[PDB]
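Asker: So I've got this file, data-v1.cif, and it contains mmCIF, C-alpha atoms and all ligand atoms:
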data_model
loop_
_atom_site.label_atom_id
_atom_site.label_comp_id
_atom_site.auth_asym_id
_atom_site.auth_seq_id
_atom_site.Cartn_x
_atom_site.Cartn_y
_atom_site.Cartn_z
CA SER A 14 7.59 12.66 6.01
CA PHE A 15 6.37 9.88 3.69
CA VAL A 16 4.29 12.28 1.54
CA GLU A 17 7.58 13.39 -0.06
CA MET A 18 7.88 9.92 -1.62
CA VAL A 19 4.33 9.50 -2.91
CA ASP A 20 4.38 9.33 -6.73
CA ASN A 21 8.20 9.14 -6.89
CA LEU A 22 8.08 6.35 -9.49
CA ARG A 23 7.57 6.60 -13.25
CA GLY A 24 7.76 4.05 -16.04
CA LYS A 25 6.69 2.72 -19.41
CA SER A 26 4.42 -0.34 -19.62
CA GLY A 27 6.50 -3.53 -19.73
CA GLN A 28 9.74 -1.60 -19.11
CA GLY A 29 9.98 -1.35 -15.32
CA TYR A 30 9.41 1.38 -12.75
CA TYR A 31 12.19 3.82 -11.93
CA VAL A 32 13.02 6.32 -9.21
CA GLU A 33 15.30 9.35 -9.51
CA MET A 34 18.66 9.10 -7.74
CA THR A 35 21.96 10.94 -7.64
CA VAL A 36 25.42 9.40 -7.41
CA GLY A 37 28.75 11.10 -6.80
CA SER A 38 30.00 14.53 -5.77
CA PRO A 39 28.84 16.79 -7.36
CA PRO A 40 25.54 14.87 -7.68
CA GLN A 41 24.90 13.17 -11.02
CA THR A 42 21.20 12.58 -11.70
CA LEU A 43 20.10 9.18 -13.01
CA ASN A 44 16.85 7.24 -13.29
CA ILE A 45 17.18 3.85 -11.58
CA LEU A 46 14.83 0.91 -12.14
CA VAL A 47 13.49 -0.51 -8.86
CA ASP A 48 14.02 -4.28 -8.86
CA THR A 49 13.00 -6.50 -5.95
CA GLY A 50 14.15 -9.49 -8.04
CA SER A 51 17.91 -8.82 -7.70
CA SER A 52 20.44 -7.32 -5.32
CA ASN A 53 23.03 -5.32 -7.30
CA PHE A 54 23.02 -1.55 -7.64
CA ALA A 55 24.36 -0.85 -11.14
CA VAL A 56 24.36 2.09 -13.55
CA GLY A 57 25.31 2.81 -17.13
CA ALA A 58 28.88 4.14 -16.95
CA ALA A 59 29.85 4.30 -20.64
CA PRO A 60 28.09 5.39 -23.85
CA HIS A 61 25.32 3.16 -25.14
CA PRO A 62 22.85 3.94 -27.96
CA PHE A 63 19.88 3.56 -25.54
CA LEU A 64 21.39 5.63 -22.69
CA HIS A 65 20.55 9.33 -22.64
CA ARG A 66 23.15 9.81 -19.87
CA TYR A 67 25.45 7.69 -17.74
CA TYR A 68 27.62 7.70 -14.64
CA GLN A 69 30.96 9.46 -15.10
CA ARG A 70 33.28 8.25 -12.35
CA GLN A 71 35.97 10.69 -13.53
CA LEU A 72 33.70 13.62 -12.54
CA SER A 73 32.95 12.43 -8.98
CA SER A 74 35.36 13.49 -6.26
CA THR A 75 33.93 10.88 -3.87
CA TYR A 76 34.24 7.89 -6.23
CA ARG A 77 36.38 4.99 -4.99
CA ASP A 78 37.50 2.12 -7.22
CA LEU A 79 37.12 -1.38 -5.77
CA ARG A 80 39.54 -2.94 -8.30
CA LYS A 81 37.11 -5.80 -8.94
CA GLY A 82 34.98 -6.80 -11.91
CA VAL A 83 31.34 -7.91 -11.84
CA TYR A 84 28.73 -9.38 -14.17
CA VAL A 85 25.02 -10.14 -13.63
CA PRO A 86 23.03 -12.55 -15.84
CA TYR A 87 19.28 -12.03 -15.47
CA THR A 88 16.54 -14.15 -17.01
CA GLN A 89 16.42 -11.55 -19.80
CA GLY A 90 19.50 -9.39 -20.28
CA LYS A 91 22.95 -9.19 -18.74
CA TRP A 92 25.69 -6.66 -18.11
CA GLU A 93 29.25 -6.52 -16.88
CA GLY A 94 31.25 -3.71 -15.33
CA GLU A 95 33.59 -2.48 -12.62
CA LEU A 96 32.85 -2.31 -8.89
CA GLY A 97 33.28 0.87 -6.86
CA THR A 98 31.63 2.91 -4.15
CA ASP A 99 30.23 6.43 -4.19
CA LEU A 100 27.76 8.64 -2.34
CA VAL A 101 24.13 8.15 -3.33
CA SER A 102 20.96 10.12 -2.64
CA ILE A 103 17.28 9.77 -3.47
CA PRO A 104 15.85 13.27 -4.05
CA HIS A 105 12.22 12.13 -3.57
CA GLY A 106 13.18 9.78 -0.81
CA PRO A 107 14.56 10.07 2.70
CA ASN A 108 16.83 13.02 3.33
CA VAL A 109 20.07 11.05 3.63
CA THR A 110 23.24 10.22 1.72
CA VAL A 111 24.83 6.78 1.82
CA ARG A 112 28.10 5.37 0.57
CA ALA A 113 26.95 2.47 -1.58
CA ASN A 114 28.43 -0.24 -3.73
CA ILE A 115 27.98 0.63 -7.40
CA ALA A 116 28.59 -1.55 -10.44
CA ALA A 117 29.64 0.75 -13.29
CA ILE A 118 28.20 -0.92 -16.39
CA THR A 119 30.73 -0.95 -19.24
CA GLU A 120 29.09 -3.60 -21.45
CA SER A 121 25.60 -5.03 -21.62
CA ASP A 122 23.46 -7.31 -23.79
CA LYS A 123 19.66 -6.80 -24.09
CA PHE A 124 19.57 -4.99 -20.74
CA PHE A 125 18.92 -1.33 -21.54
CA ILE A 126 15.70 -0.70 -23.47
CA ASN A 127 15.38 1.72 -26.38
CA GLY A 128 13.72 4.86 -24.99
CA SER A 129 13.02 3.45 -21.52
CA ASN A 130 14.25 6.62 -19.71
CA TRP A 131 16.17 4.71 -17.03
CA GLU A 132 19.94 4.33 -16.85
CA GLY A 133 20.55 1.91 -13.96
CA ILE A 134 19.05 -0.66 -11.64
CA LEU A 135 18.47 -0.80 -7.87
CA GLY A 136 18.42 -4.41 -6.74
CA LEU A 137 16.41 -4.42 -3.52
CA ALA A 138 16.71 -8.11 -2.53
CA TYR A 139 19.25 -9.65 -0.15
CA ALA A 140 23.01 -10.14 -0.24
CA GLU A 141 22.70 -13.90 -0.80
CA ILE A 142 21.96 -13.37 -4.53
CA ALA A 143 24.33 -10.41 -5.04
CA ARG A 144 27.14 -10.73 -7.63
CA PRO A 145 30.07 -11.52 -7.53
CA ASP A 146 29.04 -13.01 -4.17
CA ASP A 147 27.17 -12.17 -0.96
CA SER A 148 30.01 -10.04 0.40
CA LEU A 149 28.93 -7.14 -1.84
CA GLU A 150 26.55 -5.27 0.49
CA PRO A 151 23.32 -4.33 -1.36
CA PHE A 152 22.16 -0.71 -1.40
CA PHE A 153 19.28 -1.13 1.03
CA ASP A 154 21.47 -2.90 3.58
CA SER A 155 23.93 0.02 3.33
CA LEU A 156 21.07 2.51 3.71
CA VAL A 157 19.79 0.80 6.87
CA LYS A 158 23.32 0.38 8.25
CA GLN A 159 24.37 4.02 7.73
CA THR A 160 21.13 5.90 8.52
CA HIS A 161 18.12 5.77 10.86
CA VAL A 162 15.81 4.66 8.01
CA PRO A 163 13.76 1.72 9.33
CA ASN A 164 14.37 -1.64 7.67
CA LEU A 165 11.40 -1.80 5.35
CA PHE A 166 10.03 -0.24 2.19
CA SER A 167 6.76 -0.46 0.31
CA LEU A 168 5.87 -0.38 -3.39
CA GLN A 169 2.67 0.95 -4.94
CA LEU A 170 2.88 0.17 -8.66
CA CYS A 171 0.06 1.74 -10.67
CA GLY A 172 -1.27 0.53 -14.00
CA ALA A 173 -1.71 1.99 -17.47
CA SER A 185 2.70 6.27 -19.07
CA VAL A 186 2.73 4.57 -15.62
CA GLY A 187 3.55 5.80 -12.12
CA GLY A 188 3.76 4.69 -8.53
CA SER A 189 5.35 5.17 -5.13
CA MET A 190 8.32 3.64 -3.37
CA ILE A 191 7.95 4.50 0.32
CA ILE A 192 11.45 4.07 1.75
CA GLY A 193 11.42 3.34 5.47
CA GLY A 194 7.72 2.80 6.09
CA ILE A 195 4.08 2.43 5.18
CA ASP A 196 1.97 5.32 3.88
CA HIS A 197 -1.59 4.58 4.88
CA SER A 198 -3.06 6.89 2.26
CA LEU A 199 -1.84 4.51 -0.48
CA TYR A 200 -4.16 1.57 0.30
CA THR A 201 -7.58 0.56 1.61
CA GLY A 202 -8.68 -2.30 3.83
CA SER A 203 -6.34 -4.50 5.82
CA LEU A 204 -2.76 -5.45 5.09
CA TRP A 205 -2.30 -9.23 4.85
CA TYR A 206 1.18 -10.61 5.48
CA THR A 207 3.00 -13.66 4.18
CA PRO A 208 6.36 -14.84 5.61
CA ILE A 209 9.53 -14.22 3.69
CA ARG A 210 10.54 -17.88 3.50
CA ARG A 211 14.27 -17.21 3.14
CA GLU A 212 16.24 -13.97 2.77
CA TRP A 213 17.68 -14.17 -0.73
CA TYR A 214 15.00 -13.41 -3.27
CA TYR A 215 11.80 -12.14 -1.68
CA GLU A 216 10.65 -15.75 -1.51
CA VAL A 217 7.08 -16.63 -0.49
CA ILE A 218 4.93 -19.77 -0.43
CA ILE A 219 1.76 -20.09 -2.55
CA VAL A 220 -0.62 -22.58 -0.91
CA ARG A 221 -3.62 -22.64 -3.30
CA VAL A 222 -4.60 -21.36 -6.75
CA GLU A 223 -8.17 -20.80 -7.97
CA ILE A 224 -9.40 -19.55 -11.34
CA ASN A 225 -12.95 -18.11 -11.36
CA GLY A 226 -13.44 -19.75 -7.96
CA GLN A 227 -12.38 -23.24 -9.10
CA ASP A 228 -9.37 -24.84 -7.44
CA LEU A 229 -6.63 -25.93 -9.85
CA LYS A 230 -6.28 -28.92 -7.46
CA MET A 231 -2.57 -29.49 -7.98
CA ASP A 232 -0.07 -30.51 -5.35
CA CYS A 233 0.67 -27.12 -3.83
CA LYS A 234 4.41 -27.88 -4.15
CA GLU A 235 3.92 -27.41 -7.90
CA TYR A 236 3.05 -23.74 -7.29
CA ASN A 237 6.47 -23.21 -5.65
CA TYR A 238 8.67 -25.42 -7.82
CA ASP A 239 11.40 -24.53 -7.31
CA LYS A 240 10.59 -21.20 -5.63
CA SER A 241 8.08 -18.39 -5.68
CA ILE A 242 9.34 -14.81 -5.62
CA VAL A 243 7.98 -11.26 -5.65
CA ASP A 244 9.79 -9.41 -8.45
CA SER A 245 9.07 -5.80 -9.42
CA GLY A 246 11.71 -6.20 -12.15
CA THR A 247 9.78 -8.82 -14.16
CA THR A 248 6.69 -7.75 -16.08
CA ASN A 249 4.72 -10.98 -16.27
CA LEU A 250 3.26 -13.49 -13.94
CA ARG A 251 5.55 -16.45 -14.67
CA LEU A 252 4.45 -19.96 -13.71
CA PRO A 253 6.19 -23.35 -13.57
CA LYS A 254 5.46 -25.40 -16.69
CA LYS A 255 2.86 -27.69 -15.11
CA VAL A 256 1.06 -24.77 -13.44
CA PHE A 257 1.27 -22.60 -16.57
CA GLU A 258 -0.37 -25.35 -18.64
CA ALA A 259 -3.21 -25.89 -16.18
CA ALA A 260 -3.83 -22.13 -15.99
CA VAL A 261 -3.79 -21.51 -19.76
CA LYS A 262 -6.15 -24.44 -20.31
CA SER A 263 -8.54 -22.97 -17.76
CA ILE A 264 -8.29 -19.44 -19.16
CA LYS A 265 -8.71 -20.74 -22.73
CA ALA A 266 -11.91 -22.54 -21.74
CA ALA A 267 -13.32 -19.50 -19.93
CA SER A 268 -12.72 -17.35 -23.02
CA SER A 269 -13.57 -19.91 -25.74
CA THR A 270 -16.42 -17.60 -26.81
CA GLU A 271 -13.72 -15.92 -28.87
CA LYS A 272 -10.63 -17.50 -30.35
CA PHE A 273 -7.07 -16.24 -30.32
CA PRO A 274 -3.91 -17.27 -32.15
CA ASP A 275 -2.00 -19.72 -29.98
CA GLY A 276 0.96 -17.36 -30.38
CA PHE A 277 -1.13 -14.97 -28.29
CA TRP A 278 -1.13 -17.57 -25.48
CA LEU A 279 2.68 -17.77 -25.78
CA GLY A 280 2.94 -14.04 -25.12
CA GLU A 281 4.08 -13.18 -28.67
CA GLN A 282 1.05 -12.15 -30.74
CA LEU A 283 -1.10 -9.31 -29.44
CA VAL A 284 -4.90 -9.35 -29.72
CA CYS A 285 -7.07 -6.33 -30.48
CA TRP A 286 -10.70 -5.31 -30.17
CA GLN A 287 -12.65 -2.26 -31.26
CA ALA A 288 -11.91 0.55 -28.79
CA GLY A 289 -13.99 0.12 -25.66
CA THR A 290 -15.31 -3.34 -26.59
CA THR A 291 -12.73 -5.60 -24.90
CA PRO A 292 -14.78 -8.54 -23.53
CA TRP A 293 -13.35 -8.44 -20.00
CA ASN A 294 -16.18 -10.64 -18.66
CA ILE A 295 -14.93 -13.76 -20.51
CA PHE A 296 -11.53 -13.70 -18.85
CA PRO A 297 -11.44 -15.27 -15.38
CA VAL A 298 -10.03 -13.88 -12.16
CA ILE A 299 -7.01 -15.66 -10.66
CA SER A 300 -6.76 -16.08 -6.88
CA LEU A 301 -3.34 -16.80 -5.35
CA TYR A 302 -3.47 -17.96 -1.72
CA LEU A 303 -0.36 -17.15 0.34
CA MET A 304 0.87 -18.59 3.63
CA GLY A 305 -0.31 -16.39 6.50
CA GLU A 306 1.24 -15.37 9.82
CA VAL A 307 -0.60 -17.86 12.10
CA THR A 308 -0.91 -21.64 12.18
CA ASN A 309 -3.02 -23.08 9.34
CA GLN A 310 -4.00 -19.56 8.17
CA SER A 311 -3.65 -18.18 4.64
CA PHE A 312 -5.07 -15.25 2.69
CA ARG A 313 -5.74 -14.63 -0.98
CA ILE A 314 -5.08 -11.95 -3.53
CA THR A 315 -7.39 -11.86 -6.53
CA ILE A 316 -6.06 -10.76 -9.93
CA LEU A 317 -8.31 -9.24 -12.63
CA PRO A 318 -7.87 -9.82 -16.38
CA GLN A 319 -7.04 -6.10 -16.63
CA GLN A 320 -3.78 -7.03 -14.90
CA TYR A 321 -2.71 -10.06 -16.93
CA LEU A 322 -3.82 -8.60 -20.28
CA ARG A 323 -1.14 -5.93 -20.56
CA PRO A 324 -2.16 -3.16 -23.01
CA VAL A 325 0.22 -2.50 -25.91
CA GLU A 326 0.34 -0.06 -28.84
CA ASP A 327 -1.82 -0.86 -31.87
CA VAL A 328 0.11 -2.63 -34.63
CA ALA A 329 -2.38 -1.31 -37.23
CA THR A 330 -3.64 2.09 -38.38
CA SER A 331 -6.65 1.74 -36.07
CA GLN A 332 -7.58 3.03 -32.64
CA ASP A 333 -8.18 -0.44 -31.25
CA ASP A 334 -7.44 -1.67 -27.76
CA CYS A 335 -4.63 -4.22 -28.07
CA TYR A 336 -3.18 -6.47 -25.38
CA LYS A 337 -0.52 -9.11 -24.78
CA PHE A 338 -1.06 -12.17 -22.58
CA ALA A 339 1.12 -11.35 -19.55
CA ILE A 340 1.36 -14.85 -18.11
CA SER A 341 4.25 -16.96 -19.34
CA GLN A 342 6.00 -20.20 -18.62
CA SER A 343 8.91 -20.49 -16.22
CA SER A 344 11.58 -23.06 -15.48
CA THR A 345 12.89 -21.29 -12.36
CA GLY A 346 9.75 -21.09 -10.21
CA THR A 347 6.79 -18.73 -9.90
CA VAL A 348 7.45 -15.04 -10.51
CA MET A 349 4.89 -12.58 -9.11
CA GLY A 350 5.89 -9.76 -11.43
CA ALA A 351 4.85 -6.16 -11.88
CA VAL A 352 1.54 -7.17 -13.43
CA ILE A 353 0.61 -8.97 -10.21
CA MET A 354 1.94 -6.16 -7.99
CA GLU A 355 0.01 -3.43 -9.87
CA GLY A 356 -3.14 -2.48 -8.02
CA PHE A 357 -1.78 -3.79 -4.73
CA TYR A 358 0.20 -2.00 -2.07
CA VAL A 359 3.11 -4.31 -1.28
CA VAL A 360 5.07 -3.90 1.94
CA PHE A 361 8.54 -5.45 2.03
CA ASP A 362 8.80 -5.67 5.82
CA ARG A 363 12.40 -6.88 6.06
CA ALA A 364 12.60 -6.14 9.81
CA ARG A 365 9.82 -8.64 10.47
CA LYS A 366 10.62 -11.08 7.62
CA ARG A 367 7.24 -10.65 5.95
CA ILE A 368 5.58 -9.19 2.87
CA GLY A 369 2.25 -7.35 3.14
CA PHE A 370 -0.50 -7.04 0.56
CA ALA A 371 -3.42 -4.62 0.44
CA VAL A 372 -5.73 -3.21 -2.22
CA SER A 373 -3.95 -0.17 -3.65
CA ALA A 374 -5.43 3.32 -3.89
CA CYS A 375 -4.69 2.94 -7.63
CA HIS A 376 -6.55 -0.33 -8.03
CA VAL A 377 -7.65 -1.63 -11.42
CA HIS A 378 -11.35 -1.22 -12.18
CA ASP A 379 -13.59 -3.92 -13.63
CA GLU A 380 -17.27 -3.26 -14.18
CA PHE A 381 -18.65 -6.01 -11.93
CA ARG A 382 -15.51 -7.42 -10.26
CA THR A 383 -12.75 -6.10 -8.05
CA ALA A 384 -9.18 -6.96 -7.21
CA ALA A 385 -9.11 -7.94 -3.55
CA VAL A 386 -6.96 -9.12 -0.66
CA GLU A 387 -9.07 -11.32 1.61
CA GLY A 388 -8.69 -13.39 4.72
CA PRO A 389 -8.40 -15.22 6.92
CA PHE A 390 -8.58 -18.64 5.23
CA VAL A 391 -7.82 -22.00 6.83
CA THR A 392 -5.27 -24.09 4.93
CA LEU A 393 -3.86 -27.28 6.41
CA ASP A 394 -0.28 -28.51 5.89
CA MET A 395 0.95 -25.21 4.43
CA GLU A 396 4.55 -26.16 5.24
CA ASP A 397 4.22 -29.04 2.75
CA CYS A 398 3.83 -26.48 -0.05
CA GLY A 399 7.44 -25.34 0.12
CA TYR A 400 9.82 -27.01 -2.31
CA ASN A 401 13.09 -28.50 -1.06
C1 LIG B 501 20.36 -11.51 -10.95
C2 LIG B 501 19.83 -12.81 -10.40
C3 LIG B 501 19.60 -12.68 -8.91
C4 LIG B 501 18.58 -13.28 -11.11
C5 LIG B 501 18.68 -14.20 -12.14
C6 LIG B 501 17.55 -14.65 -12.80
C7 LIG B 501 16.30 -14.20 -12.42
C8 LIG B 501 16.16 -13.29 -11.38
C9 LIG B 501 14.79 -12.79 -10.96
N1 LIG B 501 14.59 -11.34 -11.16
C10 LIG B 501 14.86 -10.90 -12.54
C11 LIG B 501 14.97 -9.37 -12.58
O1 LIG B 501 16.03 -8.95 -11.71
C12 LIG B 501 15.28 -8.88 -13.99
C13 LIG B 501 15.60 -7.39 -13.96
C14 LIG B 501 15.62 -6.78 -15.37
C15 LIG B 501 16.88 -7.23 -16.13
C16 LIG B 501 15.53 -5.25 -15.27
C17 LIG B 501 15.38 -4.53 -16.61
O2 LIG B 501 14.26 -5.06 -17.32
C18 LIG B 501 13.06 -4.38 -17.05
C19 LIG B 501 12.16 -4.51 -18.27
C20 LIG B 501 11.84 -5.97 -18.63
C21 LIG B 501 10.77 -6.58 -17.68
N2 LIG B 501 10.39 -7.92 -18.08
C22 LIG B 501 11.11 -9.04 -17.78
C23 LIG B 501 12.25 -8.94 -16.98
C24 LIG B 501 12.96 -10.10 -16.70
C25 LIG B 501 12.52 -11.31 -17.21
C26 LIG B 501 11.39 -11.29 -17.99
CL1 LIG B 501 10.81 -12.79 -18.65
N3 LIG B 501 10.67 -10.21 -18.29
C27 LIG B 501 14.16 -10.05 -15.83
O3 LIG B 501 15.09 -10.85 -15.97
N4 LIG B 501 14.16 -9.10 -14.89
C28 LIG B 501 17.32 -12.84 -10.74
#
Output the file's structure in the form of structure tokens.
Ligand SMILES: CC(C)c1cccc(CNC[C@@H](O)[C@@H]2C[C@H](C)CCOCCCCNc3cc(cc(Cl)n3)C(=O)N2)c1
Answerer:
Amino acid sequence: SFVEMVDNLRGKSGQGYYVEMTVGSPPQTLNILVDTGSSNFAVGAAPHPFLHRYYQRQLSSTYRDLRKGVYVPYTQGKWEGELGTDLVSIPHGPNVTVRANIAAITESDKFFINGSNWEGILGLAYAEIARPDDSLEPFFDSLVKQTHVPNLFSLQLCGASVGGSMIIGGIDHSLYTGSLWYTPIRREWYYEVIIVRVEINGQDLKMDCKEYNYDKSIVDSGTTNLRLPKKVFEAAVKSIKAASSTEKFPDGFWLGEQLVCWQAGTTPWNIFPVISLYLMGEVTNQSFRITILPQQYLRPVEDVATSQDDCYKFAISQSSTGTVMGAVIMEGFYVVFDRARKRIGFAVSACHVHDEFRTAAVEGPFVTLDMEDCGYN
């Protein structure tokens, strides 16, 4: 019954992927951003200039007030609101209805996006990072507790407006090719993983692998960019600068601010390197790698001039809170969040990015000694 969920995601570039849901009785239809980087289910519940619609608790006969406030500060954006429960369904999802915790957003700051077409957020990570605390059961835990939906979901995020699939409860084999490669979920809070090696155009960055995971590495469909700890970001930009020194770019481009353009169809993809991230595998001393094309980390953006140029932003940026494998990394891969078996799977997506001479790949096995040393403590 998974075919009913294929292509159930839509989005705008840089603005998240959303799935259609209903809350309340009678059902109120809302678009909900799918966010593996957080754990609160929250919806616009009061007028906002960027909300086309919002949750009206007054109109739902199944709404229950929890008489408790809540606020969530993200890296970018925050909101506050009132906790409650209500019945929730996913029209292009499993055929079930769950009573779920819902944060009714009454105020927000740089959270909703002008013309994004989504009105709420589905935090898919674990209770340990839920606000106000881990006693607020996340939506997916409630779904698994109340239905027969198996305890896993998979995300196929497709590139450049954008679409994809969230397979709730399983793996749809028509969405990927090759083998799935699995990395352990290190700890059930974020979807935390361990990066054991980084190569750019086949050359090892040769850093202490702890640097790659300082102070954590997470898989986050709710963050656009690949975000790297300061030391790793600097090594990577230096290497990417050198590989592309044929041309020169404003250094504000390398900070993710200034866009760069080329005459339509003449983007010099060949001068940008591929990035390989090696992940801890399932067996002793075994890892695997995912390879990222420049078409993923050069995110296309609208032309700032009166031309029909191809314009892009550098979609790698610096982090102070660990590595973030964001949507730009996930695009072109089929990513299986196998919560039941505490692992995350990667495979080449059916909607993989296309270079002329190169290909995004998931490859293994590799031998990597001392992988446990790569985790930060
Ligand atoms: C709530 C707790 C657990 C917490 C605190 C800090 C970090 C995390 C890790 N996940 C962050 C993720 O949930 C959070 C969700 C957004 C607010 C969802 C709406 O935006 C989508 C369009 C912008 C995409 N681009 C983007 C997003 C974000 C940071 C950066 Cl630099 N770019 C970011 O902040 N996205 C989690």
Asker: Show which residues sit within 12 Å of residue A:281, as an NGL selection string. Count only C-alpha atoms, and ignore same-chain residues fewer than 6 positions away.
Answerer: :A and (273-275 or 325 or 336-341)
Asker: Report, in Å to a single decimal, how far apart atom CA of residue A:53 and atom CA of residue A:157 are.
Answerer: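 Atom CA of residue A:53 lies 15.8 Å from atom CA of residue A:157.
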Asker: All residues within 6 Å of ligand LIG 501 (chain B) are required, counting all atoms listed in the file; please report them as an NGL selection string.
Answerer: :A and (27-29 or 48 or 50-51 or 85-90 or 124 or 142 or 244 or 246-248)
Asker: May I have the centre and edge lengths, in Å to one decimal, of an axis-aligned box around the listed atoms of stretch 311-316 of chain A with 3 Å added to every side, as JSON?
Answerer:
{"center_x": -5.5, "center_y": -14.5, "center_z": -2.6, "size_x": 9.7, "size_y": 13.4, "size_z": 20.6}
Asker: Counting all atoms listed in the file, find residues at most 7 Å from (-7.5, -16.0, -3.1) (file frame) and give them as a list in words.
Answerer: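 Residues lying no farther than 7 Å from the given point: residues 223, 300, 301, 302, 312, 313, 314, 315 and 387 of chain A.
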Asker: Could you check which residues have any atom within 9 Å of (13.6, -10.6, -5.8), counting only C-alpha atoms with coordinates taken straight from the file, and then list them as a list in words?
Answerer: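 Here is the list of nearby residues: residues 48, 49, 50, 51, 52, 136, 137, 138, 139, 142, 213, 214, 215, 216, 242, 243, 244, 245, 246 and 348 of chain A.
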Asker: When you draw a straight line from atom CA of residue A:125 to atom CA of residue A:23, how long is it in Å?
Answerer: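 Atom CA of residue A:23 lies 16.1 Å from atom CA of residue A:125.
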Asker: Taking all atoms listed in the file into account, which of A:111, A:162, A:171, A:58 comes nearest residue A:92?
Answerer: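 The closest residue to residue A:92 is A:58.
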Asker: For stretch 192-209 of chain A, find every residue with an atom within 8 Å (counting all atoms listed in the file), except residues of its own chain fewer than 3 positions away, and show them as a PDB file with C-alpha atoms, in the frame of the given file.
Answerer:
ATOM      1  CA  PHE A  15       6.370   9.880   3.690  1.00  0.00           C
ATOM      2  CA  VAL A  16       4.290  12.280   1.540  1.00  0.00           C
ATOM      3  CA  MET A  18       7.880   9.920  -1.620  1.00  0.00           C
ATOM      4  CA  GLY A 106      13.180   9.780  -0.810  1.00  0.00           C
ATOM      5  CA  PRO A 107      14.560  10.070   2.700  1.00  0.00           C
ATOM      6  CA  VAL A 162      15.810   4.660   8.010  1.00  0.00           C
ATOM      7  CA  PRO A 163      13.760   1.720   9.330  1.00  0.00           C
ATOM      8  CA  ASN A 164      14.370  -1.640   7.670  1.00  0.00           C
ATOM      9  CA  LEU A 165      11.400  -1.800   5.350  1.00  0.00           C
ATOM     10  CA  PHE A 166      10.030  -0.240   2.190  1.00  0.00           C
ATOM     11  CA  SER A 167       6.760  -0.460   0.310  1.00  0.00           C
ATOM     12  CA  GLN A 169       2.670   0.950  -4.940  1.00  0.00           C
ATOM     13  CA  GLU A 212      16.240 -13.970   2.770  1.00  0.00           C
ATOM     14  CA  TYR A 215      11.800 -12.140  -1.680  1.00  0.00           C
ATOM     15  CA  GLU A 216      10.650 -15.750  -1.510  1.00  0.00           C
ATOM     16  CA  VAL A 217       7.080 -16.630  -0.490  1.00  0.00           C
ATOM     17  CA  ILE A 218       4.930 -19.770  -0.430  1.00  0.00           C
ATOM     18  CA  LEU A 303      -0.360 -17.150   0.340  1.00  0.00           C
ATOM     19  CA  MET A 304       0.870 -18.590   3.630  1.00  0.00           C
ATOM     20  CA  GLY A 305      -0.310 -16.390   6.500  1.00  0.00           C
ATOM     21  CA  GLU A 306       1.240 -15.370   9.820  1.00  0.00           C
ATOM     22  CA  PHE A 312      -5.070 -15.250   2.690  1.00  0.00           C
ATOM     23  CA  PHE A 357      -1.780  -3.790  -4.730  1.00  0.00           C
ATOM     24  CA  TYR A 358       0.200  -2.000  -2.070  1.00  0.00           C
ATOM     25  CA  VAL A 360       5.070  -3.900   1.940  1.00  0.00           C
ATOM     26  CA  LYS A 366      10.620 -11.080   7.620  1.00  0.00           C
ATOM     27  CA  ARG A 367       7.240 -10.650   5.950  1.00  0.00           C
ATOM     28  CA  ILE A 368       5.580  -9.190   2.870  1.00  0.00           C
ATOM     29  CA  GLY A 369       2.250  -7.350   3.140  1.00  0.00           C
ATOM     30  CA  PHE A 370      -0.500  -7.040   0.560  1.00  0.00           C
ATOM     31  CA  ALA A 371      -3.420  -4.620   0.440  1.00  0.00           C
ATOM     32  CA  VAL A 372      -5.730  -3.210  -2.220  1.00  0.00           C
ATOM     33  CA  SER A 373      -3.950  -0.170  -3.650  1.00  0.00           C
ATOM     34  CA  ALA A 374      -5.430   3.320  -3.890  1.00  0.00           C
ATOM     35  CA  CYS A 375      -4.690   2.940  -7.630  1.00  0.00           C
ATOM     36  CA  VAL A 386      -6.960  -9.120  -0.660  1.00  0.00           C
ATOM     37  CA  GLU A 387      -9.070 -11.320   1.610  1.00  0.00           C
ATOM     38  CA  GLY A 388      -8.690 -13.390   4.720  1.00  0.00           C
TER      39      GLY A 388
END
Asker: Taking 2 positions as the minimum chain separation for residues in the same chain, which residues sit within 10 Å of residue A:187 when counting only C-alpha atoms? Answer as a list in words.
Answerer: residues 19, 20, 21, 22, 23, 24, 25, 26, 30, 31, 32, 169, 170, 171, 172, 173, 185, 189 and 375 of chain A
Asker: Hey, what's within 12 Å of residue A:227 if we count all atoms listed in the file and toss same-chain stuff fewer than 4 positions away? As a PDB file with C-alpha atoms, in the coordinates of the input, please?
Answerer:
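around-v9.pdb written:
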ATOM      1  CA  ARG A 221      -3.620 -22.640  -3.300  1.00  0.00           C
ATOM      2  CA  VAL A 222      -4.600 -21.360  -6.750  1.00  0.00           C
ATOM      3  CA  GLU A 223      -8.170 -20.800  -7.970  1.00  0.00           C
ATOM      4  CA  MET A 231      -2.570 -29.490  -7.980  1.00  0.00           C
ATOM      5  CA  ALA A 259      -3.210 -25.890 -16.180  1.00  0.00           C
ATOM      6  CA  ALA A 260      -3.830 -22.130 -15.990  1.00  0.00           C
ATOM      7  CA  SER A 263      -8.540 -22.970 -17.760  1.00  0.00           C
ATOM      8  CA  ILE A 264      -8.290 -19.440 -19.160  1.00  0.00           C
ATOM      9  CA  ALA A 267     -13.320 -19.500 -19.930  1.00  0.00           C
ATOM     10  CA  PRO A 297     -11.440 -15.270 -15.380  1.00  0.00           C
ATOM     11  CA  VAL A 298     -10.030 -13.880 -12.160  1.00  0.00           C
ATOM     12  CA  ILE A 299      -7.010 -15.660 -10.660  1.00  0.00           C
ATOM     13  CA  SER A 300      -6.760 -16.080  -6.880  1.00  0.00           C
ATOM     14  CA  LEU A 301      -3.340 -16.800  -5.350  1.00  0.00           C
TER      15      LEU A 301
END
